[PDB]
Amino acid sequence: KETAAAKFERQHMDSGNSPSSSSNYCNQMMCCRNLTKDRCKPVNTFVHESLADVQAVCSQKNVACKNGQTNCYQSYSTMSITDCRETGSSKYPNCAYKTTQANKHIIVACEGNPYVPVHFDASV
């Protein structure tokens, strides 16, 4: 009763579901980190490397910040990160986001003592 054609579909078709597919990760983190409190923050990037590895970036590759400042640093290695972007249905107070995974070099602005990140400037 299962046709050869249906068997191929069962064994091999999983449209729109690569392990890469979006999920509600951004919706949960965006909300729980208070990023949708007075507005839907439009875009945000979460970093999954350890804090020690991210802090180390402040003494890695020195580059210009988007705003022209020069206290930004790009990580020597690519880092595991997740980009959060608002979806078509997002409208405060009901924010909604698409989750996109990635592995890129991060660029952060750093200041203070200890010299640590205070701004996520971009990913490359």
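In case it trips you up, residue 1 is the first one in the sequence shown, and so on.
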property: Mean C-alpha B-factor comparison - 6-14 and 19-27, higher one; result: 19-27
property: 47-55 set against 87-95, stretch whose average Cα temperature factor tops the other in the entry; result: 87-95
property: Relative C-alpha B-factor of residue 67, binned into the chain's lowest, middle or highest third; result: highest
property: Cα B factor band for residue 110 (lowest, middle or highest third within the chain); result: lowest
property: Within-chain third of residue 36 by Cα B-factor, per the entry; result: highest
